[PDB]
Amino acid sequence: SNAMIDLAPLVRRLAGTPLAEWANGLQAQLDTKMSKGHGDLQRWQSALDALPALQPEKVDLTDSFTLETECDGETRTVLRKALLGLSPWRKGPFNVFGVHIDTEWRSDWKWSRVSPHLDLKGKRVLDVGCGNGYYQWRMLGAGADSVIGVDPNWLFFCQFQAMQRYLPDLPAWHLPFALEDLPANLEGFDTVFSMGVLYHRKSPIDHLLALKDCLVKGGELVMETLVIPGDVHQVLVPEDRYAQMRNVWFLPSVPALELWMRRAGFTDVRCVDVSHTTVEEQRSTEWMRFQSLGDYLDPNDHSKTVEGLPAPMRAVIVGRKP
């Protein structure tokens, strides 16, 4: 009972690009996936159905995600309650007609540091593991021609739908697919982002190659992942959990990761941003009640996780497809 999405505008937008053939089959693939996901989608429909009919008088996506319109107290209460029905909210924050979706992450802080290193104007962008799509909006704010996000999580998809309701003309799409669901050798995006995915992949090199295969020649990869201090030979694989997370594989040093990207065939490879993640930028909130960074750090030594491993440190590395 979630409406089907009309992809005809996406098909129109991708005509005359290497993405055209793929776009021509997306409507069928999306329709099938949403049929199969009907049960899961029902979990969030009452929340989506309760979102009030409002249109922004003002939109900013360049310095934040902020939507403004004339909205009374009663309407704001309805909106706030509907949005809370889509919790937990991880990437953000979103300012939605005076409702502050105070998400787990200050994704805006990180974006602010990365964006000045990139020229997105006129580019077709893919965001891999996009979560709720927060960054897709910001990539439009930085001038992207179009942004497609992929993440096979229905709640993330519904959080994107909530925002797209109020931004229905903008060229951003969220596809509830895994990266492996894209065809081989798509080679159609100008820029690809993979933020927070590499450390969950058994095969980091295959991940890098899959991202390269998404890019046009001359395209750009922006890779963010968990790293450790040290030289080119230092690579951590946890015995069990890392910051209480399962399925954590390789945590290379920055020089190790740069070398792997060169072996995967990227050029102009360099780190643009490194930092230890702070409890100020990642924490539980009213909108994301579950445990968060502070809970996963050694309570006596914030430089270590509860397992005694080096605490979360993220690097952003940029490279080009030669």
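Note that residue numbering begins at 1 and tracks the sequence as displayed.
114 to 122 set against 136 to 144, stretch whose average Cα temperature factor tops the other in the entry: Going by the record's values, the stretch with the higher mean is 114 to 122.
Mean C-alpha temperature factor, higher of 46 to 54 and 276 to 284: If you average the C-alpha B-factors of 46 to 54 and of 276 to 284, the larger mean comes out for 46 to 54.
Residue with maximal Cα B-factor (values as given in the PDB entry) among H100, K202, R241, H174: Checking the PDB record, the top C-alpha B-factor among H100, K202, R241, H174 is at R241.
Selection by C-alpha B-factor (highest) of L208, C158, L179, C214: In the PDB entry, the greatest C-alpha B-factor among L208, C158, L179, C214 is found at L179.
Third assignment of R262 from its chain's C-alpha B-factors: It belongs to the lowest third of the chain when residues are ordered by C-alpha B-factor.
CA B-factor placement of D169, once the chain's modelled residues are sorted into thirds: Within its chain, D169 is a highest-third residue by C-alpha B-factor, going by the deposited values.
CA B-factor ranking of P88, expressed as a third of its chain: It belongs to the middle third of the chain when residues are ordered by C-alpha B-factor.
Chain third (lowest, middle, highest) by recorded CA B-factor, residue given as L297: According to the entry, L297 has a C-alpha B-factor in the chain's highest third.
Entry-reported Cα temperature factor of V222, expressed as the chain third it lands in: It belongs to the lowest third of the chain when residues are ordered by C-alpha B-factor.
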